[PDB]
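Pasting model.cif here (mmCIF, N, CA, C and O atoms):
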```cif
data_input
#
loop_
_atom_site.label_atom_id
_atom_site.label_comp_id
_atom_site.auth_asym_id
_atom_site.auth_seq_id
_atom_site.Cartn_x
_atom_site.Cartn_y
_atom_site.Cartn_z
N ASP A 333 -5.27 1.49 -22.10
CA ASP A 333 -5.77 1.23 -20.77
C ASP A 333 -5.62 2.44 -19.82
O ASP A 333 -6.13 2.44 -18.70
N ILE A 334 -4.97 3.52 -20.30
CA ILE A 334 -4.60 4.71 -19.54
C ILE A 334 -5.77 5.49 -18.93
O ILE A 334 -5.62 6.17 -17.93
N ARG A 335 -6.96 5.43 -19.56
CA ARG A 335 -8.13 6.19 -19.16
C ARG A 335 -7.89 7.70 -19.20
O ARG A 335 -7.83 8.30 -20.27
N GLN A 336 -7.76 8.34 -18.02
CA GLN A 336 -7.50 9.76 -17.91
C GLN A 336 -6.05 10.03 -17.53
O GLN A 336 -5.59 11.17 -17.53
N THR A 337 -5.25 8.99 -17.23
CA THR A 337 -3.89 9.16 -16.72
C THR A 337 -2.89 8.71 -17.76
O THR A 337 -2.27 7.64 -17.69
N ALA A 338 -2.69 9.53 -18.81
CA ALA A 338 -1.77 9.24 -19.89
C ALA A 338 -0.32 9.00 -19.45
O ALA A 338 0.26 9.74 -18.67
N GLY A 339 0.29 7.90 -19.96
CA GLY A 339 1.63 7.47 -19.59
C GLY A 339 1.69 6.49 -18.44
O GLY A 339 2.76 5.98 -18.12
N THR A 340 0.55 6.15 -17.81
CA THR A 340 0.58 5.23 -16.67
C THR A 340 0.64 3.76 -17.05
O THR A 340 0.85 2.90 -16.20
N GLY A 341 0.47 3.41 -18.35
CA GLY A 341 0.66 2.04 -18.85
C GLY A 341 2.09 1.56 -18.80
O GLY A 341 2.37 0.36 -18.73
N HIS A 342 3.05 2.51 -18.81
CA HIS A 342 4.46 2.26 -18.60
C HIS A 342 4.77 1.97 -17.14
O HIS A 342 4.91 2.87 -16.32
N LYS A 343 4.89 0.68 -16.78
CA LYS A 343 5.09 0.26 -15.42
C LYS A 343 5.79 -1.07 -15.43
O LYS A 343 5.69 -1.83 -16.40
N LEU A 344 6.51 -1.41 -14.34
CA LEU A 344 7.10 -2.72 -14.17
C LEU A 344 6.04 -3.81 -14.07
O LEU A 344 4.94 -3.63 -13.54
N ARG A 345 6.33 -4.98 -14.65
CA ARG A 345 5.35 -6.05 -14.72
C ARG A 345 5.78 -7.23 -13.90
O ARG A 345 4.98 -8.14 -13.68
N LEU A 346 7.04 -7.23 -13.46
CA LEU A 346 7.70 -8.38 -12.90
C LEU A 346 8.44 -7.93 -11.67
O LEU A 346 9.20 -6.97 -11.73
N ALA A 347 8.27 -8.64 -10.55
CA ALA A 347 9.07 -8.40 -9.38
C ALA A 347 9.56 -9.74 -8.87
O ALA A 347 9.00 -10.80 -9.13
N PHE A 348 10.66 -9.70 -8.11
CA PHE A 348 11.27 -10.86 -7.53
C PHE A 348 11.50 -10.55 -6.09
O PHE A 348 11.46 -9.39 -5.67
N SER A 349 11.70 -11.59 -5.28
CA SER A 349 11.89 -11.41 -3.87
C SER A 349 13.32 -11.27 -3.46
O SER A 349 14.26 -11.65 -4.15
N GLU A 350 13.50 -10.71 -2.26
CA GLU A 350 14.77 -10.48 -1.64
C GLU A 350 15.20 -11.69 -0.82
O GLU A 350 16.31 -11.75 -0.30
N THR A 351 14.34 -12.73 -0.71
CA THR A 351 14.71 -14.02 -0.14
C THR A 351 15.85 -14.64 -0.91
O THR A 351 15.72 -14.89 -2.10
N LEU A 352 16.97 -14.99 -0.24
CA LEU A 352 18.18 -15.52 -0.88
C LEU A 352 17.99 -16.82 -1.66
O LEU A 352 18.84 -17.21 -2.46
N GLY A 353 16.84 -17.50 -1.50
CA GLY A 353 16.42 -18.56 -2.40
C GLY A 353 16.10 -18.13 -3.81
O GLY A 353 16.30 -18.90 -4.74
N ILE A 354 15.57 -16.90 -4.03
CA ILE A 354 15.31 -16.32 -5.35
C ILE A 354 14.37 -17.21 -6.21
O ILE A 354 14.36 -17.23 -7.44
N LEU A 355 13.51 -17.97 -5.54
CA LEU A 355 12.90 -19.13 -6.17
C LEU A 355 11.55 -18.79 -6.80
O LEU A 355 10.93 -19.66 -7.41
N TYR A 356 10.98 -17.58 -6.67
CA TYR A 356 9.59 -17.34 -7.09
C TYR A 356 9.42 -15.90 -7.59
O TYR A 356 10.25 -15.00 -7.37
N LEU A 357 8.37 -15.64 -8.34
CA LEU A 357 8.15 -14.35 -8.92
C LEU A 357 6.77 -13.86 -8.68
O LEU A 357 5.85 -14.63 -8.36
N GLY A 358 6.62 -12.55 -8.82
CA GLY A 358 5.34 -11.87 -8.95
C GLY A 358 5.19 -11.24 -10.32
O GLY A 358 6.09 -10.55 -10.79
N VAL A 359 4.04 -11.46 -10.97
CA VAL A 359 3.71 -10.94 -12.30
C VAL A 359 2.41 -10.16 -12.25
O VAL A 359 1.45 -10.59 -11.61
N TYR A 360 2.31 -9.00 -12.94
CA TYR A 360 1.10 -8.21 -13.05
C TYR A 360 0.41 -8.39 -14.40
O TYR A 360 1.00 -8.17 -15.47
N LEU A 361 -0.89 -8.73 -14.36
CA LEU A 361 -1.81 -8.71 -15.47
C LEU A 361 -2.59 -7.42 -15.41
O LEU A 361 -2.93 -6.94 -14.33
N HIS A 362 -2.94 -6.81 -16.56
CA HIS A 362 -3.83 -5.66 -16.58
C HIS A 362 -5.21 -6.14 -16.96
O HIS A 362 -5.37 -7.12 -17.68
N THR A 363 -6.27 -5.49 -16.45
CA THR A 363 -7.65 -5.88 -16.71
C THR A 363 -8.42 -4.59 -16.89
O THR A 363 -7.89 -3.54 -16.53
N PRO A 364 -9.66 -4.56 -17.40
CA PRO A 364 -10.47 -3.35 -17.41
C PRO A 364 -10.73 -2.75 -16.04
O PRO A 364 -10.97 -1.55 -15.94
N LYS A 365 -10.71 -3.58 -14.98
CA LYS A 365 -10.82 -3.15 -13.61
C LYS A 365 -9.50 -3.37 -12.89
O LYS A 365 -9.43 -4.09 -11.90
N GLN A 366 -8.42 -2.73 -13.39
CA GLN A 366 -7.24 -2.37 -12.61
C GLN A 366 -6.19 -3.44 -12.37
O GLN A 366 -5.16 -3.21 -11.72
N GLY A 367 -6.36 -4.60 -13.01
CA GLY A 367 -5.36 -5.65 -13.03
C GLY A 367 -5.57 -6.79 -12.08
O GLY A 367 -6.54 -6.88 -11.33
N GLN A 368 -4.63 -7.75 -12.14
CA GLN A 368 -4.56 -8.91 -11.28
C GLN A 368 -3.08 -9.21 -11.12
O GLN A 368 -2.26 -8.75 -11.92
N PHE A 369 -2.68 -10.00 -10.11
CA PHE A 369 -1.30 -10.46 -9.99
C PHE A 369 -1.27 -11.97 -9.98
O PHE A 369 -2.23 -12.63 -9.59
N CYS A 370 -0.13 -12.55 -10.42
CA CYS A 370 0.11 -13.97 -10.41
C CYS A 370 1.41 -14.26 -9.68
O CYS A 370 2.31 -13.41 -9.63
N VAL A 371 1.54 -15.46 -9.09
CA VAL A 371 2.76 -15.91 -8.43
C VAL A 371 3.23 -17.21 -9.08
O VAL A 371 2.43 -18.12 -9.30
N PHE A 372 4.54 -17.30 -9.40
CA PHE A 372 5.16 -18.44 -10.06
C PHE A 372 6.30 -19.00 -9.23
O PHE A 372 7.10 -18.23 -8.71
N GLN A 373 6.45 -20.34 -9.13
CA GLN A 373 7.64 -21.00 -8.62
C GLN A 373 8.67 -21.22 -9.71
O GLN A 373 8.33 -21.40 -10.88
N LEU A 374 9.96 -21.20 -9.37
CA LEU A 374 11.06 -21.51 -10.23
C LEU A 374 11.72 -22.72 -9.62
O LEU A 374 12.10 -22.74 -8.45
N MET A 375 11.85 -23.78 -10.42
CA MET A 375 12.50 -25.00 -10.00
C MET A 375 13.73 -25.19 -10.84
O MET A 375 13.67 -25.19 -12.07
N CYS A 376 14.89 -25.38 -10.19
CA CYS A 376 16.16 -25.60 -10.84
C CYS A 376 16.60 -27.02 -10.54
O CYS A 376 16.26 -27.56 -9.49
N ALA A 377 17.33 -27.67 -11.46
CA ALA A 377 17.54 -29.09 -11.35
C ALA A 377 18.81 -29.53 -12.06
O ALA A 377 19.33 -28.87 -12.95
N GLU A 378 19.29 -30.72 -11.67
CA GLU A 378 20.47 -31.41 -12.15
C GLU A 378 20.35 -31.89 -13.59
O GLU A 378 21.32 -32.24 -14.25
N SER A 379 19.12 -31.85 -14.13
CA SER A 379 18.80 -32.10 -15.53
C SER A 379 19.27 -30.99 -16.46
O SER A 379 19.29 -31.16 -17.68
N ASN A 380 19.65 -29.82 -15.89
CA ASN A 380 20.21 -28.65 -16.56
C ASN A 380 19.11 -27.83 -17.22
O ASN A 380 19.30 -27.19 -18.25
N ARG A 381 17.89 -27.84 -16.63
CA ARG A 381 16.74 -27.15 -17.18
C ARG A 381 15.99 -26.58 -16.01
O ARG A 381 16.00 -27.14 -14.91
N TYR A 382 15.33 -25.43 -16.20
CA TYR A 382 14.64 -24.72 -15.14
C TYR A 382 13.17 -24.70 -15.49
O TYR A 382 12.80 -24.42 -16.63
N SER A 383 12.30 -25.00 -14.52
CA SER A 383 10.85 -24.97 -14.71
C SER A 383 10.29 -23.73 -14.06
O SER A 383 10.76 -23.29 -13.01
N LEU A 384 9.27 -23.12 -14.69
CA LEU A 384 8.54 -21.98 -14.17
C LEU A 384 7.07 -22.34 -13.98
O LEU A 384 6.32 -22.44 -14.95
N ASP A 385 6.63 -22.53 -12.72
CA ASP A 385 5.43 -23.28 -12.40
C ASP A 385 4.42 -22.41 -11.66
O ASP A 385 4.74 -21.66 -10.74
N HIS A 386 3.15 -22.43 -12.09
CA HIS A 386 2.09 -21.60 -11.53
C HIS A 386 1.74 -21.88 -10.08
O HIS A 386 1.74 -23.03 -9.64
N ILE A 387 1.39 -20.84 -9.32
CA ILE A 387 0.93 -20.98 -7.95
C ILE A 387 -0.36 -20.21 -7.81
O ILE A 387 -1.45 -20.78 -7.72
N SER A 388 -0.29 -18.86 -7.82
CA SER A 388 -1.47 -18.03 -7.63
C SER A 388 -1.92 -17.53 -8.97
O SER A 388 -1.19 -16.80 -9.64
N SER A 389 -3.12 -17.97 -9.40
CA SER A 389 -3.76 -17.59 -10.65
C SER A 389 -4.23 -16.14 -10.67
O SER A 389 -4.07 -15.43 -11.65
N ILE A 390 -4.84 -15.68 -9.56
CA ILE A 390 -5.48 -14.38 -9.52
C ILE A 390 -5.24 -13.74 -8.18
O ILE A 390 -5.02 -14.39 -7.16
N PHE A 391 -5.26 -12.40 -8.18
CA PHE A 391 -5.02 -11.62 -7.00
C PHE A 391 -5.62 -10.26 -7.27
O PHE A 391 -5.40 -9.73 -8.36
N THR A 392 -6.35 -9.63 -6.33
CA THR A 392 -7.16 -8.45 -6.66
C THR A 392 -6.73 -7.23 -5.88
O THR A 392 -6.61 -7.23 -4.65
N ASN A 393 -6.48 -6.11 -6.60
CA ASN A 393 -5.95 -4.89 -6.04
C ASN A 393 -6.95 -3.73 -6.17
O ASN A 393 -8.14 -3.94 -5.98
N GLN A 394 -6.51 -2.47 -6.39
CA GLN A 394 -7.43 -1.34 -6.54
C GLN A 394 -6.85 -0.29 -7.49
O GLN A 394 -7.17 -0.31 -8.67
N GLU A 395 -6.00 0.66 -7.06
CA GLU A 395 -5.63 1.76 -7.94
C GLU A 395 -4.56 1.42 -8.97
O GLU A 395 -3.96 0.35 -8.98
N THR A 396 -4.33 2.33 -9.94
CA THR A 396 -3.44 2.12 -11.08
C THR A 396 -1.99 1.94 -10.69
O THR A 396 -1.32 2.85 -10.23
N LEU A 397 -1.46 0.72 -10.90
CA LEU A 397 -0.12 0.32 -10.54
C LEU A 397 1.03 1.19 -11.06
O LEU A 397 1.11 1.45 -12.26
N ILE A 398 1.94 1.62 -10.15
CA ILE A 398 3.25 2.19 -10.46
C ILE A 398 4.27 1.08 -10.43
O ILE A 398 4.97 0.82 -11.41
N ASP A 399 4.34 0.40 -9.28
CA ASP A 399 5.42 -0.48 -8.94
C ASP A 399 4.91 -1.41 -7.85
O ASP A 399 3.96 -1.08 -7.12
N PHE A 400 5.51 -2.58 -7.71
CA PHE A 400 5.13 -3.55 -6.72
C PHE A 400 6.35 -4.32 -6.28
O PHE A 400 7.25 -4.62 -7.06
N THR A 401 6.40 -4.69 -5.00
CA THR A 401 7.52 -5.45 -4.48
C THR A 401 6.92 -6.64 -3.79
O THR A 401 6.04 -6.50 -2.94
N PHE A 402 7.34 -7.85 -4.17
CA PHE A 402 6.73 -9.09 -3.73
C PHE A 402 7.74 -9.86 -2.89
O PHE A 402 8.67 -10.46 -3.43
N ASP A 408 3.87 -11.79 0.75
CA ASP A 408 3.66 -10.42 1.11
C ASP A 408 3.81 -9.66 -0.19
O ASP A 408 4.80 -9.82 -0.90
N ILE A 409 2.81 -8.86 -0.59
CA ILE A 409 2.95 -8.06 -1.79
C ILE A 409 2.57 -6.63 -1.52
O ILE A 409 1.42 -6.25 -1.30
N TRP A 410 3.60 -5.76 -1.58
CA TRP A 410 3.43 -4.34 -1.65
C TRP A 410 2.94 -3.93 -3.01
O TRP A 410 3.52 -4.30 -4.02
N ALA A 411 1.89 -3.10 -3.06
CA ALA A 411 1.46 -2.51 -4.30
C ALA A 411 1.45 -1.00 -4.14
O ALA A 411 0.83 -0.48 -3.21
N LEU A 412 2.15 -0.26 -5.02
CA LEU A 412 2.21 1.18 -5.00
C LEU A 412 1.47 1.68 -6.21
O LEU A 412 1.69 1.21 -7.34
N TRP A 413 0.54 2.62 -6.01
CA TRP A 413 -0.39 3.01 -7.04
C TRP A 413 -0.39 4.51 -7.29
O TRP A 413 -0.04 5.32 -6.44
N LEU A 414 -0.80 4.89 -8.51
CA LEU A 414 -0.85 6.24 -9.01
C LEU A 414 -2.27 6.64 -9.30
O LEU A 414 -3.06 5.85 -9.82
N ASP A 415 -2.59 7.89 -9.00
CA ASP A 415 -3.89 8.45 -9.24
C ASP A 415 -3.61 9.87 -9.73
O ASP A 415 -2.45 10.28 -9.81
N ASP A 416 -4.64 10.63 -10.16
CA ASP A 416 -4.48 11.99 -10.66
C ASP A 416 -4.05 13.01 -9.60
O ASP A 416 -3.77 12.66 -8.46
N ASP A 417 -3.81 14.28 -10.00
CA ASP A 417 -3.31 15.37 -9.15
C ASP A 417 -2.17 15.04 -8.18
O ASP A 417 -2.05 15.58 -7.08
N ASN A 418 -1.25 14.15 -8.62
CA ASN A 418 -0.07 13.69 -7.90
C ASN A 418 -0.40 12.74 -6.73
O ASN A 418 0.47 12.42 -5.91
N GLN A 419 -1.63 12.21 -6.67
CA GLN A 419 -2.15 11.33 -5.65
C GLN A 419 -1.52 9.94 -5.68
O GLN A 419 -1.01 9.45 -6.68
N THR A 420 -1.52 9.27 -4.51
CA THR A 420 -0.95 7.94 -4.34
C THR A 420 -1.80 7.16 -3.39
O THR A 420 -2.55 7.72 -2.59
N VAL A 421 -1.66 5.83 -3.42
CA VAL A 421 -2.20 4.92 -2.43
C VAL A 421 -1.19 3.79 -2.40
O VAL A 421 -0.61 3.44 -3.43
N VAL A 422 -0.92 3.19 -1.22
CA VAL A 422 -0.08 2.01 -1.10
C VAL A 422 -0.95 0.94 -0.47
O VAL A 422 -1.90 1.24 0.25
N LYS A 423 -0.69 -0.34 -0.74
CA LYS A 423 -1.45 -1.42 -0.14
C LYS A 423 -0.53 -2.58 0.16
O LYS A 423 0.43 -2.84 -0.56
N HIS A 424 -0.84 -3.29 1.25
CA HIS A 424 -0.23 -4.55 1.61
C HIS A 424 -1.29 -5.60 1.58
O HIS A 424 -2.45 -5.34 1.92
N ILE A 425 -0.89 -6.82 1.23
CA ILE A 425 -1.74 -7.96 1.36
C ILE A 425 -0.91 -9.11 1.89
O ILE A 425 0.13 -9.43 1.32
N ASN A 426 -1.37 -9.77 2.97
CA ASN A 426 -0.82 -11.05 3.39
C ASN A 426 -1.56 -12.14 2.65
O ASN A 426 -2.79 -12.18 2.72
N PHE A 427 -0.87 -13.05 1.95
CA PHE A 427 -1.46 -14.19 1.27
C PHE A 427 -1.00 -15.44 2.01
O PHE A 427 0.13 -15.52 2.48
N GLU A 428 -1.88 -16.46 2.17
CA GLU A 428 -1.53 -17.69 2.87
C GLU A 428 -1.83 -18.85 1.96
O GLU A 428 -2.69 -18.75 1.08
N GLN A 431 -4.86 -20.60 -0.01
CA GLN A 431 -5.24 -19.39 -0.73
C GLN A 431 -6.13 -18.50 0.12
O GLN A 431 -7.26 -18.86 0.44
N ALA A 432 -5.62 -17.33 0.47
CA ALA A 432 -6.37 -16.38 1.28
C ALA A 432 -5.72 -15.03 1.12
O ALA A 432 -4.59 -14.95 0.64
N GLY A 433 -6.39 -13.94 1.52
CA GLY A 433 -5.82 -12.61 1.42
C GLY A 433 -6.33 -11.69 2.49
O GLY A 433 -7.54 -11.48 2.61
N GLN A 434 -5.43 -11.07 3.27
CA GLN A 434 -5.80 -10.04 4.24
C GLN A 434 -5.30 -8.71 3.74
O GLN A 434 -4.11 -8.60 3.43
N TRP A 435 -6.14 -7.67 3.68
CA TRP A 435 -5.75 -6.44 3.03
C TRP A 435 -5.72 -5.21 3.92
O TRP A 435 -6.52 -5.05 4.84
N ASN A 436 -4.77 -4.29 3.66
CA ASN A 436 -4.64 -3.03 4.37
C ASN A 436 -4.31 -1.90 3.37
O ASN A 436 -3.25 -2.03 2.74
N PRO A 437 -5.05 -0.81 3.15
CA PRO A 437 -4.64 0.26 2.25
C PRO A 437 -4.01 1.45 3.01
O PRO A 437 -3.76 1.36 4.21
N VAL A 438 -3.76 2.58 2.31
CA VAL A 438 -3.34 3.85 2.89
C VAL A 438 -4.40 4.88 2.58
O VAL A 438 -4.75 5.10 1.42
N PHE A 439 -4.93 5.56 3.61
CA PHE A 439 -5.83 6.68 3.43
C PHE A 439 -5.58 7.63 4.60
O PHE A 439 -5.43 7.19 5.74
N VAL A 440 -5.50 8.95 4.34
CA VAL A 440 -5.19 9.96 5.34
C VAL A 440 -6.07 11.17 5.08
O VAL A 440 -6.17 11.63 3.95
N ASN A 441 -6.72 11.72 6.12
CA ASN A 441 -7.52 12.93 6.03
C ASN A 441 -6.92 13.96 6.99
O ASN A 441 -7.04 13.77 8.20
N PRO A 442 -6.27 15.04 6.53
CA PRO A 442 -5.65 16.00 7.43
C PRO A 442 -6.21 17.41 7.24
O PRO A 442 -6.54 17.82 6.13
#
```

Would you give me this structure, written as structure tokens?
Amino acid sequence: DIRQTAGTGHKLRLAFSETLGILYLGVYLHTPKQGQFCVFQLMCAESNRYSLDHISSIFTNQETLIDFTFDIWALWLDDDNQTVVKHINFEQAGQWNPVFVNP
């Protein structure tokens, strides 16, 4: 899936939140067009078993993922040492903001 950027397939696939509940995850899927993300709930119970339950099936980004912190920060890699960062507010809805600078 590397295309022209050899070694970029090596990336984190799983992020967790800093919310002291620790109750949900972010997961990255790769696709021919740059991937998707999923969100899962974690339910813990007196039955002594933990459930991992789907919430967000799909989520759409842009450049080649380095790392992500899940509100979902996405940090991306491009050629010649280039970068882009993106935020998305999710509510099912998505508001998006990227990074671009011309100096």

Quick one: everything within 5 Å of residue 387 (chain A), counting only N, CA, C and O atoms, minus sequence neighbours fewer than 2 positions away in the same chain. Send it as a PyMOL selection string. chain A and resi 371-372+385+389

Atom C of residue 381 (chain A) to atom C of residue 344 (chain A): how many Å, to one decimal?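 So the two atoms, atom C of residue 381 (chain A) and atom C of residue 344 (chain A), lie 24.9 Å apart.
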
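Between CA of residue 396 (chain A) and CA of residue 413 (chain A) the separation is 5.1 Å.
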
From the list A:339, A:437, A:358, A:353, the nearest residue to residue 409 (chain A) using only C-alpha atoms is A:358

Using only C-alpha atoms, can you tell me which of A:440, A:334, A:425, A:370 comes closest to residue 348 (chain A)? A:370

Report the distance between atom C of residue 340 (chain A) and CA of residue 367 (chain A) in Å, rounded to one decimal place. 11.9 Å

Shell around residue 439 (chain A) at 8 Å using only N, CA, C and O atoms, local window under 5 positions removed, as a ChimeraX atom specification: /A:420-422

Resulting file, chosen residues, N, CA, C and O atoms, as a compact mmCIF listing (two decimals), keeping the file's coordinate frame:
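Output below, filename again19.txt:
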```
# COMPACT_ATOMS: atom_id res chain seq x y z
N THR A 420 -1.52 9.27 -4.51
CA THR A 420 -0.95 7.94 -4.34
C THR A 420 -1.80 7.16 -3.39
O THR A 420 -2.55 7.72 -2.59
N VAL A 421 -1.66 5.83 -3.42
CA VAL A 421 -2.20 4.92 -2.43
C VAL A 421 -1.19 3.79 -2.40
O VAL A 421 -0.61 3.44 -3.43
N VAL A 422 -0.92 3.19 -1.22
CA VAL A 422 -0.08 2.01 -1.10
C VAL A 422 -0.95 0.94 -0.47
O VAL A 422 -1.90 1.24 0.25
```

Proximity to residue 374 (chain A) - best of A:388, A:361, A:412, A:355, only N, CA, C and O atoms: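 So, comparing all the options, the nearest one is A:355.
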
Would you mind writing down, as an NGL selection string, each residue of chain A that DSSP on the backbone assigns to strand (DSSP E)? :A and (346-348 or 356-361 or 368-376 or 382-388 or 396-401 or 409-414 or 420-427 or 433-437)

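Once only N, CA, C and O atoms are considered, the residues situated within 8 Å of the file point (10.5, -12.2, -14.1) turn out to be residues 345, 346, 347, 348, 356, 357, 358 and 359 of chain A.
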
Could you state which residues are captured by the PyMOL selection byres ((chain A and resi 408) around 6) in this file, as number ranges by chain? A: 401-402, 409-410, 425-427

Given all atoms listed in the file as the counted atoms, nearest of A:390, A:382, A:373, A:418 to residue 354 (chain A):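 Between A:390, A:382, A:373, A:418, the residue approaching residue 354 (chain A) most closely is A:373.
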
Once the PyMOL selection byres ((chain A and resi 395) around 5) is applied to the coordinates I shared, what remains selected? I want it as a PyMOL selection string. chain A and resi 366+393-394+396-397+413-414
